[PDB]
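Asker: Pasting a structure here, questions to come.
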Amino acid sequence: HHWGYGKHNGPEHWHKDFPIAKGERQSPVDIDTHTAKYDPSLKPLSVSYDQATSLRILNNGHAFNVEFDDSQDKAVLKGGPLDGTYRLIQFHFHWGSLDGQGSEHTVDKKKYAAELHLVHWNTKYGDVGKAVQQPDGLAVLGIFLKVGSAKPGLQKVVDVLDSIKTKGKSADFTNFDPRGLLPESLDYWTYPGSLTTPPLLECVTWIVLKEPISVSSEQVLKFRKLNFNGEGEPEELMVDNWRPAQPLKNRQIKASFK
Ligand SMILES: NS(=O)(=O)c1ccc(C(=O)NCc2cccc(F)c2F)cc1
Ligand SMILES: [Hg+2]
Ligand SMILES: [Zn+2]
């Protein structure tokens with residue numbers, strides 16, 4: 001019926017309902033570090049999340065989103081390859097059933113345990129709905145998660161997963177600081193792409209950070225205990241909610257570092 005990540009409604013089937021799946025600037029892609037162009041004109045990212053107002057966390061089937069109040073320029077992203085101000089609307093993760101898979105983007109074919117996506121929308125468009133209809137409507141900050149030492153800033157997220165085990169569940173999630181999920185360095189790669197889930201709109205400027213953050217095995221394990229299904233339905237563990245790398249086509253991956 002609806003799309004998913006299973007054998008019968010997974011990524012290989014999406015093109016039937018969303019023709020854009022075989023488009024020209026689809027994501028994710030493999031970042032070949034030896035062919036990525038170091039661009040001296042790329043400016044440093046400006047991540048201002050000091051006034052971020054998280055509101056709730058919900059399991060929407062597919063993944064879990066932490067939503068933010070984007071009624072005003074509270075948490076924004078500017079700089080880098082971006083033009084204008086982009087407001088943070090939500091963040092979510094993609095992870096695997098095993099530590100050796102989970103990320104959507106790969107670096108030199110290397111997959112990480114998971115990938116964090118901080119989704120922002122261009123303010124010049126007034127609302128997210130309009131922004132998705134534009135080639136530069138969204139900017140997603142992608143951060144790789146590697147299994148190692150626990151990330152303290154991620155623990156609040158992990159503790160609440162129990163209350164949103166199944167599809168449709170949500171819980172109040174206020175006062176969460178997104179800054180706790182950032183690596184030390186903001187060096188990044190960038191390329192024009194798309195949403196990695198249906199509708200797969202090609203409205204995204206991807207900003208993938210070079211430095212991954214580390215999370216403990218216990219932290220990643222809790223992600224894996226979530227359910228794709230809603231209460232009262234057969235249990236399907238929410239794992240491997242990632243889309244395989246797509247062809248780069250006529251695109252150039254630029255790097256903010258040499
Ligand atoms: N993993 S990712 O960062 O690429 C990604 C980010 C956001 C969304 C999203 O907001 N989807 C819902 C959505 C999007 C467009 C139009 C809609 F109607 C809608 F519901 C999907 C994928
Ligand atoms: Hg678009
Ligand atoms: Zn995502």
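Each chain in the structure tokens gets a letter, A, B and so on, in the order shown; residues start at 1 in every chain, and ligands are counted from 1 in the order they appear.
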Taking the DSSP assignment computed from this structure's backbone, write out as a JSON list (two decimals) with N, CA and C atoms, in the first residue's frame all residues of range 34-244 of chain A that belong to helix (DSSP H, G or I).

Answerer:
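To be explicit, this is the file written out as result_19.json:
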[["chain", "number", "residue", "atom", "x", "y", "z"],
["A", 123, "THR", "N", 13.48, 30.51, 4.13],
["A", 123, "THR", "CA", 12.46, 31.44, 4.60],
["A", 123, "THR", "C", 11.82, 32.33, 3.53],
["A", 124, "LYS", "N", 12.53, 32.56, 2.44],
["A", 124, "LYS", "CA", 11.99, 33.40, 1.37],
["A", 124, "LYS", "C", 10.71, 32.83, 0.76],
["A", 125, "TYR", "N", 10.42, 31.56, 1.03],
["A", 125, "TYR", "CA", 9.24, 30.93, 0.48],
["A", 125, "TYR", "C", 8.01, 30.96, 1.38],
["A", 128, "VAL", "N", 6.95, 25.75, 4.46],
["A", 128, "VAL", "CA", 7.61, 24.55, 3.94],
["A", 128, "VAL", "C", 6.97, 23.99, 2.70],
["A", 129, "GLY", "N", 5.64, 24.07, 2.64],
["A", 129, "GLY", "CA", 4.93, 23.57, 1.48],
["A", 129, "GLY", "C", 5.36, 24.25, 0.19],
["A", 130, "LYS", "N", 5.63, 25.55, 0.25],
["A", 130, "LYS", "CA", 6.06, 26.27, -0.95],
["A", 130, "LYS", "C", 7.50, 25.94, -1.25],
["A", 131, "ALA", "N", 8.32, 25.91, -0.20],
["A", 131, "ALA", "CA", 9.75, 25.62, -0.33],
["A", 131, "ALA", "C", 10.05, 24.31, -1.05],
["A", 152, "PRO", "N", 26.41, 12.08, 24.92],
["A", 152, "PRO", "CA", 25.52, 12.54, 26.00],
["A", 152, "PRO", "C", 24.30, 13.30, 25.49],
["A", 153, "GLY", "N", 24.53, 14.19, 24.53],
["A", 153, "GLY", "CA", 23.48, 15.00, 23.93],
["A", 153, "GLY", "C", 22.37, 14.23, 23.23],
["A", 154, "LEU", "N", 22.64, 12.97, 22.91],
["A", 154, "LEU", "CA", 21.67, 12.10, 22.25],
["A", 154, "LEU", "C", 20.84, 11.31, 23.25],
["A", 155, "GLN", "N", 21.32, 11.20, 24.49],
["A", 155, "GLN", "CA", 20.61, 10.43, 25.51],
["A", 155, "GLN", "C", 19.17, 10.81, 25.81],
["A", 156, "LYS", "N", 18.82, 12.09, 25.76],
["A", 156, "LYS", "CA", 17.44, 12.52, 26.02],
["A", 156, "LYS", "C", 16.53, 11.90, 24.96],
["A", 157, "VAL", "N", 17.02, 11.87, 23.73],
["A", 157, "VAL", "CA", 16.27, 11.30, 22.62],
["A", 157, "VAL", "C", 16.04, 9.80, 22.87],
["A", 158, "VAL", "N", 17.12, 9.11, 23.22],
["A", 158, "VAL", "CA", 17.08, 7.68, 23.49],
["A", 158, "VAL", "C", 16.11, 7.29, 24.63],
["A", 159, "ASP", "N", 16.08, 8.09, 25.69],
["A", 159, "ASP", "CA", 15.22, 7.82, 26.85],
["A", 159, "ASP", "C", 13.73, 7.88, 26.54],
["A", 160, "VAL", "N", 13.34, 8.71, 25.58],
["A", 160, "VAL", "CA", 11.92, 8.87, 25.25],
["A", 160, "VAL", "C", 11.36, 7.91, 24.19],
["A", 161, "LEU", "N", 12.23, 7.19, 23.48],
["A", 161, "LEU", "CA", 11.78, 6.27, 22.43],
["A", 161, "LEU", "C", 10.74, 5.25, 22.88],
["A", 162, "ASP", "N", 10.81, 4.85, 24.15],
["A", 162, "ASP", "CA", 9.85, 3.88, 24.70],
["A", 162, "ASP", "C", 8.40, 4.33, 24.58],
["A", 163, "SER", "N", 8.16, 5.62, 24.72],
["A", 163, "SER", "CA", 6.81, 6.15, 24.65],
["A", 163, "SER", "C", 6.29, 6.38, 23.23],
["A", 164, "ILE", "N", 7.15, 6.20, 22.23],
["A", 164, "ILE", "CA", 6.73, 6.38, 20.84],
["A", 164, "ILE", "C", 7.17, 5.16, 20.06],
["A", 178, "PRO", "N", 19.66, 21.09, 20.08],
["A", 178, "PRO", "CA", 20.24, 20.42, 18.91],
["A", 178, "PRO", "C", 21.76, 20.51, 18.83],
["A", 179, "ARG", "N", 22.31, 21.53, 19.46],
["A", 179, "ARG", "CA", 23.75, 21.74, 19.44],
["A", 179, "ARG", "C", 24.53, 20.58, 20.04],
["A", 180, "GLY", "N", 23.86, 19.77, 20.86],
["A", 180, "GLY", "CA", 24.50, 18.62, 21.46],
["A", 180, "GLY", "C", 24.78, 17.50, 20.47],
["A", 181, "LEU", "N", 24.24, 17.60, 19.26],
["A", 181, "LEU", "CA", 24.42, 16.58, 18.24],
["A", 181, "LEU", "C", 25.47, 16.96, 17.19],
["A", 217, "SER", "N", 27.01, 1.64, 21.47],
["A", 217, "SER", "CA", 26.28, 0.52, 20.92],
["A", 217, "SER", "C", 24.89, 0.46, 21.56],
["A", 218, "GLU", "N", 24.82, 0.76, 22.87],
["A", 218, "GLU", "CA", 23.55, 0.75, 23.62],
["A", 218, "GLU", "C", 22.59, 1.80, 23.08],
["A", 219, "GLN", "N", 23.12, 2.98, 22.71],
["A", 219, "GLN", "CA", 22.28, 4.04, 22.15],
["A", 219, "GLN", "C", 21.68, 3.61, 20.81],
["A", 220, "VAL", "N", 22.51, 3.09, 19.91],
["A", 220, "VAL", "CA", 22.02, 2.64, 18.61],
["A", 220, "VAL", "C", 21.01, 1.48, 18.76],
["A", 221, "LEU", "N", 21.24, 0.63, 19.76],
["A", 221, "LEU", "CA", 20.35, -0.50, 20.01],
["A", 221, "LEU", "C", 18.92, -0.05, 20.26],
["A", 222, "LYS", "N", 18.76, 1.04, 21.02],
["A", 222, "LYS", "CA", 17.43, 1.57, 21.33],
["A", 222, "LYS", "C", 16.67, 2.04, 20.09],
["A", 223, "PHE", "N", 17.38, 2.54, 19.08],
["A", 223, "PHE", "CA", 16.75, 2.99, 17.83],
["A", 223, "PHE", "C", 16.09, 1.75, 17.22]]

Asker: Might you pull out every residue within 8 Å of residue 74 in chain A, with only C-alpha atoms counted and same-chain residues fewer than 5 positions away left off, and present them as a ChimeraX atom specification?

Answerer: /A:49-53,69,87

Asker: Once you count only C-alpha atoms and all ligand atoms, what closest atom pair and distance in Å to one decimal does each residue of chain A within 10 Å of ligand 1 have, with rows by chain and rising residue number, as JSON lines?

Answerer:
{"residue": "A:26", "atom": "CA", "partner": "ligand 1", "partner_atom_place_in_ligand_line": "4 (O)", "distance": 9.7}
{"residue": "A:27", "atom": "CA", "partner": "ligand 1", "partner_atom_place_in_ligand_line": "4 (O)", "distance": 7.4}
{"residue": "A:28", "atom": "CA", "partner": "ligand 1", "partner_atom_place_in_ligand_line": "4 (O)", "distance": 8.1}
{"residue": "A:62", "atom": "CA", "partner": "ligand 1", "partner_atom_place_in_ligand_line": "1 (N)", "distance": 9.8}
{"residue": "A:63", "atom": "CA", "partner": "ligand 1", "partner_atom_place_in_ligand_line": "1 (N)", "distance": 9.2}
{"residue": "A:65", "atom": "CA", "partner": "ligand 1", "partner_atom_place_in_ligand_line": "7 (C)", "distance": 9.3}
{"residue": "A:89", "atom": "CA", "partner": "ligand 1", "partner_atom_place_in_ligand_line": "10 (O)", "distance": 8.6}
{"residue": "A:90", "atom": "CA", "partner": "ligand 1", "partner_atom_place_in_ligand_line": "7 (C)", "distance": 7.8}
{"residue": "A:91", "atom": "CA", "partner": "ligand 1", "partner_atom_place_in_ligand_line": "3 (O)", "distance": 7.9}
{"residue": "A:92", "atom": "CA", "partner": "ligand 1", "partner_atom_place_in_ligand_line": "1 (N)", "distance": 7.4}
{"residue": "A:93", "atom": "CA", "partner": "ligand 1", "partner_atom_place_in_ligand_line": "1 (N)", "distance": 7.6}
{"residue": "A:94", "atom": "CA", "partner": "ligand 1", "partner_atom_place_in_ligand_line": "1 (N)", "distance": 7.5}
{"residue": "A:104", "atom": "CA", "partner": "ligand 1", "partner_atom_place_in_ligand_line": "1 (N)", "distance": 8.5}
{"residue": "A:115", "atom": "CA", "partner": "ligand 1", "partner_atom_place_in_ligand_line": "1 (N)", "distance": 9.0}
{"residue": "A:116", "atom": "CA", "partner": "ligand 1", "partner_atom_place_in_ligand_line": "3 (O)", "distance": 8.4}
{"residue": "A:117", "atom": "CA", "partner": "ligand 1", "partner_atom_place_in_ligand_line": "3 (O)", "distance": 5.1}
{"residue": "A:118", "atom": "CA", "partner": "ligand 1", "partner_atom_place_in_ligand_line": "3 (O)", "distance": 6.9}
{"residue": "A:119", "atom": "CA", "partner": "ligand 1", "partner_atom_place_in_ligand_line": "6 (C)", "distance": 5.7}
{"residue": "A:120", "atom": "CA", "partner": "ligand 1", "partner_atom_place_in_ligand_line": "6 (C)", "distance": 8.6}
{"residue": "A:121", "atom": "CA", "partner": "ligand 1", "partner_atom_place_in_ligand_line": "7 (C)", "distance": 9.7}
{"residue": "A:128", "atom": "CA", "partner": "ligand 1", "partner_atom_place_in_ligand_line": "15 (C)", "distance": 8.1}
{"residue": "A:129", "atom": "CA", "partner": "ligand 1", "partner_atom_place_in_ligand_line": "16 (C)", "distance": 6.5}
{"residue": "A:130", "atom": "CA", "partner": "ligand 1", "partner_atom_place_in_ligand_line": "16 (C)", "distance": 9.2}
{"residue": "A:131", "atom": "CA", "partner": "ligand 1", "partner_atom_place_in_ligand_line": "15 (C)", "distance": 9.0}
{"residue": "A:132", "atom": "CA", "partner": "ligand 1", "partner_atom_place_in_ligand_line": "15 (C)", "distance": 5.9}
{"residue": "A:133", "atom": "CA", "partner": "ligand 1", "partner_atom_place_in_ligand_line": "15 (C)", "distance": 8.5}
{"residue": "A:138", "atom": "CA", "partner": "ligand 1", "partner_atom_place_in_ligand_line": "6 (C)", "distance": 8.5}
{"residue": "A:139", "atom": "CA", "partner": "ligand 1", "partner_atom_place_in_ligand_line": "3 (O)", "distance": 8.5}
{"residue": "A:140", "atom": "CA", "partner": "ligand 1", "partner_atom_place_in_ligand_line": "3 (O)", "distance": 5.7}
{"residue": "A:141", "atom": "CA", "partner": "ligand 1", "partner_atom_place_in_ligand_line": "3 (O)", "distance": 8.0}
{"residue": "A:142", "atom": "CA", "partner": "ligand 1", "partner_atom_place_in_ligand_line": "3 (O)", "distance": 7.8}
{"residue": "A:193", "atom": "CA", "partner": "ligand 1", "partner_atom_place_in_ligand_line": "4 (O)", "distance": 8.8}
{"residue": "A:194", "atom": "CA", "partner": "ligand 1", "partner_atom_place_in_ligand_line": "4 (O)", "distance": 6.3}
{"residue": "A:195", "atom": "CA", "partner": "ligand 1", "partner_atom_place_in_ligand_line": "4 (O)", "distance": 3.3}
{"residue": "A:196", "atom": "CA", "partner": "ligand 1", "partner_atom_place_in_ligand_line": "4 (O)", "distance": 4.0}
{"residue": "A:197", "atom": "CA", "partner": "ligand 1", "partner_atom_place_in_ligand_line": "22 (C)", "distance": 4.9}
{"residue": "A:198", "atom": "CA", "partner": "ligand 1", "partner_atom_place_in_ligand_line": "21 (C)", "distance": 6.9}
{"residue": "A:199", "atom": "CA", "partner": "ligand 1", "partner_atom_place_in_ligand_line": "15 (C)", "distance": 6.0}
{"residue": "A:200", "atom": "CA", "partner": "ligand 1", "partner_atom_place_in_ligand_line": "22 (C)", "distance": 7.3}
{"residue": "A:201", "atom": "CA", "partner": "ligand 1", "partner_atom_place_in_ligand_line": "15 (C)", "distance": 6.9}
{"residue": "A:202", "atom": "CA", "partner": "ligand 1", "partner_atom_place_in_ligand_line": "4 (O)", "distance": 9.6}
{"residue": "A:203", "atom": "CA", "partner": "ligand 1", "partner_atom_place_in_ligand_line": "15 (C)", "distance": 9.3}
{"residue": "A:204", "atom": "CA", "partner": "ligand 1", "partner_atom_place_in_ligand_line": "4 (O)", "distance": 7.8}
{"residue": "A:206", "atom": "CA", "partner": "ligand 1", "partner_atom_place_in_ligand_line": "3 (O)", "distance": 8.8}
{"residue": "A:241", "atom": "CA", "partner": "ligand 1", "partner_atom_place_in_ligand_line": "1 (N)", "distance": 9.6}
{"residue": "A:242", "atom": "CA", "partner": "ligand 1", "partner_atom_place_in_ligand_line": "1 (N)", "distance": 8.3}
{"residue": "A:243", "atom": "CA", "partner": "ligand 1", "partner_atom_place_in_ligand_line": "1 (N)", "distance": 8.9}

Asker: If you keep C-alpha atoms, can you produce a file of those selected residues as a PDB file, in the first residue's frame?

Answerer:
ATOM      1  CA  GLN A  26      18.373  12.173  -6.521  1.00  0.00           C
ATOM      2  CA  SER A  27      19.850  11.496  -3.096  1.00  0.00           C
ATOM      3  CA  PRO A  28      21.684  10.008  -1.355  1.00  0.00           C
ATOM      4  CA  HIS A  62       9.631   5.198   8.441  1.00  0.00           C
ATOM      5  CA  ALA A  63      11.487   7.015  11.339  1.00  0.00           C
ATOM      6  CA  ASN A  65      11.105  13.097  13.958  1.00  0.00           C
ATOM      7  CA  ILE A  89      11.849  22.422  11.101  1.00  0.00           C
ATOM      8  CA  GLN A  90      12.785  18.854  12.216  1.00  0.00           C
ATOM      9  CA  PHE A  91      15.560  16.265  12.589  1.00  0.00           C
ATOM     10  CA  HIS A  92      15.415  12.471  12.163  1.00  0.00           C
ATOM     11  CA  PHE A  93      17.783   9.543  11.682  1.00  0.00           C
ATOM     12  CA  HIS A  94      18.267   6.622   9.320  1.00  0.00           C
ATOM     13  CA  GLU A 104      22.274   6.916   3.352  1.00  0.00           C
ATOM     14  CA  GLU A 115      22.799   9.259   9.626  1.00  0.00           C
ATOM     15  CA  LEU A 116      21.251  12.329  11.247  1.00  0.00           C
ATOM     16  CA  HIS A 117      19.304  14.727   9.036  1.00  0.00           C
ATOM     17  CA  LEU A 118      18.623  18.280  10.263  1.00  0.00           C
ATOM     18  CA  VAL A 119      15.999  19.615   7.843  1.00  0.00           C
ATOM     19  CA  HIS A 120      15.741  23.363   7.215  1.00  0.00           C
ATOM     20  CA  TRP A 121      13.587  25.350   4.773  1.00  0.00           C
ATOM     21  CA  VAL A 128       7.610  24.553   3.937  1.00  0.00           C
ATOM     22  CA  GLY A 129       4.926  23.570   1.477  1.00  0.00           C
ATOM     23  CA  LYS A 130       6.056  26.270  -0.948  1.00  0.00           C
ATOM     24  CA  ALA A 131       9.745  25.617  -0.327  1.00  0.00           C
ATOM     25  CA  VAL A 132       9.544  21.966  -1.441  1.00  0.00           C
ATOM     26  CA  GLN A 133       8.375  23.197  -4.849  1.00  0.00           C
ATOM     27  CA  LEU A 138      15.461  22.920   1.533  1.00  0.00           C
ATOM     28  CA  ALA A 139      18.874  22.491   3.122  1.00  0.00           C
ATOM     29  CA  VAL A 140      19.586  19.289   5.008  1.00  0.00           C
ATOM     30  CA  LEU A 141      22.591  18.990   7.297  1.00  0.00           C
ATOM     31  CA  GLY A 142      23.715  15.359   7.264  1.00  0.00           C
ATOM     32  CA  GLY A 193      19.974  16.694  -4.432  1.00  0.00           C
ATOM     33  CA  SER A 194      16.592  15.492  -3.222  1.00  0.00           C
ATOM     34  CA  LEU A 195      14.535  14.211  -0.284  1.00  0.00           C
ATOM     35  CA  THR A 196      15.635  10.592   0.281  1.00  0.00           C
ATOM     36  CA  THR A 197      12.083   9.436   0.953  1.00  0.00           C
ATOM     37  CA  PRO A 198       8.922   9.851  -1.150  1.00  0.00           C
ATOM     38  CA  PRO A 199       7.895  12.226  -2.583  1.00  0.00           C
ATOM     39  CA  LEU A 200      11.654  12.455  -3.425  1.00  0.00           C
ATOM     40  CA  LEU A 201      11.389  16.107  -4.493  1.00  0.00           C
ATOM     41  CA  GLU A 202      14.587  17.579  -5.938  1.00  0.00           C
ATOM     42  CA  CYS A 203      14.570  20.642  -3.726  1.00  0.00           C
ATOM     43  CA  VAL A 204      17.539  19.983  -1.467  1.00  0.00           C
ATOM     44  CA  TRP A 206      22.790  18.789   0.824  1.00  0.00           C
ATOM     45  CA  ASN A 241      15.192   2.736   7.002  1.00  0.00           C
ATOM     46  CA  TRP A 242      17.731   3.996   4.466  1.00  0.00           C
ATOM     47  CA  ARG A 243      17.810   4.478   0.707  1.00  0.00           C
TER      48      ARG A 243
END

Asker: Expressed in Å to a single decimal, how great is the separation between CA of residue 165 in chain A and CA of residue 182 in chain A?

Answerer: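 Separation of CA of residue 165 in chain A and CA of residue 182 in chain A: 25.5 Å.
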
Asker: Pull the strand (DSSP E or B) assignments for range 52-207 of chain A out of DSSP run on the backbone, and list those residues as a ChimeraX atom specification.

Answerer: /A:54-59,64-68,76-79,86-95,106-107,110,114-122,138-147,170-172,188-193,204-207

Asker: Export, as a short mmCIF file (atom, residue, chain, number, x, y, z; two decimals), in the first residue's frame, the selected residues with C-alpha atoms.

Answerer:
data_model
loop_
_atom_site.label_atom_id
_atom_site.label_comp_id
_atom_site.auth_asym_id
_atom_site.auth_seq_id
_atom_site.Cartn_x
_atom_site.Cartn_y
_atom_site.Cartn_z
CA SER A 54 11.79 21.71 20.21
CA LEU A 55 8.13 20.76 20.60
CA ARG A 56 7.59 17.04 20.22
CA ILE A 57 8.90 13.76 18.98
CA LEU A 58 6.83 11.39 16.91
CA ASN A 59 7.07 8.00 15.32
CA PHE A 64 11.17 9.31 14.37
CA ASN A 65 11.11 13.10 13.96
CA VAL A 66 11.83 15.72 16.58
CA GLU A 67 9.87 18.81 15.53
CA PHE A 68 10.76 22.41 16.21
CA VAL A 76 18.63 28.85 11.52
CA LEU A 77 21.36 27.82 9.11
CA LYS A 78 23.09 30.30 6.80
CA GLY A 79 26.45 30.39 5.11
CA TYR A 86 16.95 28.44 6.39
CA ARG A 87 14.83 27.55 9.44
CA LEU A 88 15.16 24.25 11.21
CA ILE A 89 11.85 22.42 11.10
CA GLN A 90 12.79 18.85 12.22
CA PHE A 91 15.56 16.27 12.59
CA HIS A 92 15.41 12.47 12.16
CA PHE A 93 17.78 9.54 11.68
CA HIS A 94 18.27 6.62 9.32
CA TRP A 95 19.89 3.52 10.80
CA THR A 106 28.52 6.78 1.95
CA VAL A 107 32.08 8.11 1.90
CA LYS A 110 31.94 3.29 3.38
CA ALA A 114 23.33 5.81 11.05
CA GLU A 115 22.80 9.26 9.63
CA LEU A 116 21.25 12.33 11.25
CA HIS A 117 19.30 14.73 9.04
CA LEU A 118 18.62 18.28 10.26
CA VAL A 119 16.00 19.61 7.84
CA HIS A 120 15.74 23.36 7.21
CA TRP A 121 13.59 25.35 4.77
CA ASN A 122 14.35 28.58 2.91
CA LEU A 138 15.46 22.92 1.53
CA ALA A 139 18.87 22.49 3.12
CA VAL A 140 19.59 19.29 5.01
CA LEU A 141 22.59 18.99 7.30
CA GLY A 142 23.71 15.36 7.26
CA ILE A 143 25.81 13.95 10.09
CA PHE A 144 27.20 10.41 10.20
CA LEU A 145 26.97 8.35 13.40
CA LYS A 146 29.78 5.91 14.20
CA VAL A 147 29.55 3.33 17.00
CA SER A 170 4.09 11.21 19.79
CA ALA A 171 5.38 12.66 23.04
CA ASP A 172 6.03 16.19 24.23
CA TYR A 188 31.51 19.65 4.76
CA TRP A 189 30.76 18.42 1.27
CA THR A 190 27.81 19.85 -0.68
CA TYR A 191 25.82 18.98 -3.76
CA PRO A 192 22.27 19.61 -5.13
CA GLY A 193 19.97 16.69 -4.43
CA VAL A 204 17.54 19.98 -1.47
CA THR A 205 20.95 21.50 -1.04
CA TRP A 206 22.79 18.79 0.82
CA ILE A 207 25.43 19.70 3.37
#

Asker: So the first atom is CA of residue 97 in chain A and the second is CA of residue 113 in chain A; what is the distance between them in Å, to one decimal place?

Answerer: 8.8 Å
